[PDB]
């Protein structure tokens, strides 16, 4: 139904790469194309599921899914985002954000994640790398991909993936936004895994910036609760951020 006939898509410069590679493309304007290539049965399965999940999504902070192509090769085309991911801006570009932009980023990410969970969709790998800033003001959530242990919840470390795992990952992003640096900065990787997995280790909330609102730190701590059931739902935290963002205005 959303299939793009062959010949319409023009594939351009290569961006990323084993299962598939993504290119910048032109289809009624700037678009991104993720192409396949032997296609593994799991790879074909993931291709089917990604199209199935993406078509059910129509939200501004969720990466716009424009279509899929089959004739030349299996491919999925999405909107082209100009800018860099949240991970690059915070930890690689060494660019300090105004607090209003930070809460706006957390507010925007909260909207998309709440939209996903409202659609019974779980974003199993949520992290600063998977948050893209279109232009520099609008955030787009997508699967721009072991490498993401820091965002993994205690239960997923021990053994699983659920809404509670997603909201915990949202907490680390809150820690990244407010502190400006990766969690567990003091620590090595095996030491972090065992300590966090056993519950001995938790991010250092004192490192947060002074301008951080009191409600945000409390909200951040609530998301990082070791008990899965203790973590708040995305409707609650979206309302809290938006209410706080409204007050700041």
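Under this definition, the rigid core comprises the largest set of C-alpha atoms superposing within 1.5 Å between the forms. Numbering follows the first chain given and starts at 1.
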query	finding
Comparing 8-16 and 224-232 where Cα RMS over structures and residues is taken in 5 other deposited structures of this protein (core fit), larger one	8-16
Stretch departing more from the displayed form, 78-86 or 109-117, Cα RMS in 5 other deposited structures of this protein (core fit)	78-86
At least a third of the other entries leave residue 146 unmodelled	yes
Extent of unmodelled deposited sequence, residue 47 relative to residue 46	none
Residue 145-residue 146 interval: deposited residues absent from the model	10 or more
Of 49-57 and 177-185, the one with larger mean CA B-factor	177-185
Of 196-204 and 26-34, the stretch whose C-alpha atoms average the higher B-factor in the entry	196-204
Criterion, highest CA B-factor; candidates, 134, 117, 111, 96	96
Chain-relative CA temperature factor third for residue 107	lowest
Position of residue 73 among the chain's modelled residues by C-alpha B-factor, lowest, middle or highest third	highest
Modelled-residue ranking by C-alpha temperature factor, third containing residue 15	highest
Residue 140, C-alpha B-factor rank within chain (lowest, middle or highest third)	lowest
Third assignment of residue 167 from its chain's C-alpha B-factors	lowest
